[PDB]
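The data below hold one chain only, encoded as structure tokens and taken in the form deposited in one PDB entry.
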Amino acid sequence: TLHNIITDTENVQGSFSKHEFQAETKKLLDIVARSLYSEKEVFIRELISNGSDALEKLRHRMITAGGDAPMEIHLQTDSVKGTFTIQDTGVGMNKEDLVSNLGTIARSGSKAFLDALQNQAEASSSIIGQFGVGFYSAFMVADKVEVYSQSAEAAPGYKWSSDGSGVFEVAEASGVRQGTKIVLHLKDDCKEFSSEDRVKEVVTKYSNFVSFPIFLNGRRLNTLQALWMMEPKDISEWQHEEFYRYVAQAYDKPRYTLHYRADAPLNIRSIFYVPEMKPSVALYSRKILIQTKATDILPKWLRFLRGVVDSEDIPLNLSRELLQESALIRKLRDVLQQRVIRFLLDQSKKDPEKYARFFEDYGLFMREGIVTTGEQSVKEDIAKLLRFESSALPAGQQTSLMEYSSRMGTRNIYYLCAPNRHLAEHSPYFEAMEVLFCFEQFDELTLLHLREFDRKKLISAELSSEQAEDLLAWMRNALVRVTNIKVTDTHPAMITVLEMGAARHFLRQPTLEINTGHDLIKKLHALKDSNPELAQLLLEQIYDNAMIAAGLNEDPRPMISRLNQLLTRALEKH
């Protein structure tokens, strides 16, 4: 019944030949040009990153061999010639740099630069180059590429030129300004990148926080500081509100701001915002956008946060729009979860009222978090954020699991999840002679998934007599909608329900209790004989009023006409 053909049957004879791995350069160029990036526009990102790196090298170079010039990135679109041009005033390239760096796929001069640096250096974390392929993204959109380059050394200017097809040319040129100018002659299906507004869209999308001024057709673009890199000390609330509206594409204010920077266990520069209004985070690296919707760095229940996470250390996929499977990323996610939880807890103690209102707006996310995480200490960490009412506190007052333990030789935390307080207080099960009252949606699924908190089990609780019994018997046969009617102040009756789950389901089998001492019931009894219509109308009205007061009839519209008929025929004797 098993069919396997794999056996140790092979034996090498003769001798082995040795061979070095090779690489077909033309196919690699084609792969970068058509198969690497999900969108053509990304060539702009790559070229701008290169310009940034160039300027960064010059800044590094001016620390000792000091001297000169402005540090800028300039873009120019020519819609008539169909050209895109980028020029940086950076370190430039001599002929060996052009031949070696531009001419060799996967050779990165910026990688070699970074590897030679003292790790403490600024340039160590600002250089956005590793792979040695970004430049070839230009052939994604261009039939021809020309590069004019003038190195900062004292060296002629050069023109490098190619059509992307396995060969390029190098000649000497005048007069190249120090730095590098790249002219892309766009393909017919890419002329959109000779349009100014299109280019500006792309620049703001990926490179809006590049550390150097970016000019387009003589006008400056990137006026935004990357606030997540700066000392939390130096950010106004105004900086944060403007930055939040930009990064969240919003128009309100952040109600909470967490500016989290850490160097251990990994490099983290981030800002998280909780919006003011009632209901993602972008991933960056070295100030360049990776994902506008970071996918695996936060847990799914923290998707209500807005803002930015940047890490120098995150291993990037070759396309720079994905991350690589890594234990580092799961560690980062766990770290950020702990950090956000600690932040939220401390908010809840620094301002309990603001936190109450935060939890009323966003608690569904923490209920979901508790329900979905597998680790019990994480469930309890999140569960510290929950609020409830309690049998031992007035209505409206919020309390926590910690305070419930605080008011306990007692071993267990008893709870009752119900649509509202009236049904909870009249629960048969609320026969406890403290009970958490959990009125919020999905509360009971949350508490069941949580199981225990701080080692204590969360446990669910789950005038007369003439015709008291003919009055009541008449009512039993006239509303056969309730299963019992029994006799028990200001109200003539109330609706009571045995198990809260049934009421929950109904809102998506009740007991009626009557007060034989108040006037409308004595007169329901008195008009069971005298006037049967009026007694039926009054009966249905008392039932409906008890349903409303119990909170299980929130749209009384079906009753209104009947009520009017009751009223009209009750006032007919006036």
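Residues carry their position along the shown sequence, with the first being 1. Each form is matched to the other, and the largest set of C-alpha atoms that superpose within 1.5 Å is called the rigid core.
Not pictured, yet referred to below: the form deposited in another entry.
J.: Might you check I214, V145, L423, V308 and identify the only one whose CA position changes by 2 Å or more between this form and the one not shown on rigid-core superposition?
T.: Result of the superposition: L423 is the only one at 2 Å or more.
J.: On a rigid core superposition, would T496 pass a 2 Å threshold for CA movement between this form and the one not shown?
T.: Indeed, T496 is displaced by 2 Å or more.
J.: On a core-based superposition, does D97 travel 2 Å or more at its Cα between this form and the one not shown?
T.: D97 C-alpha, core-superposed: shift of less than 2 Å.
J.: Can a Cα shift of no less than 2 Å be assigned to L29 between this form and the one not shown, given superposition on the rigid core?
T.: It does not, since the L29 C-alpha is displaced less than 2 Å between this form and the one not shown after the core fit.
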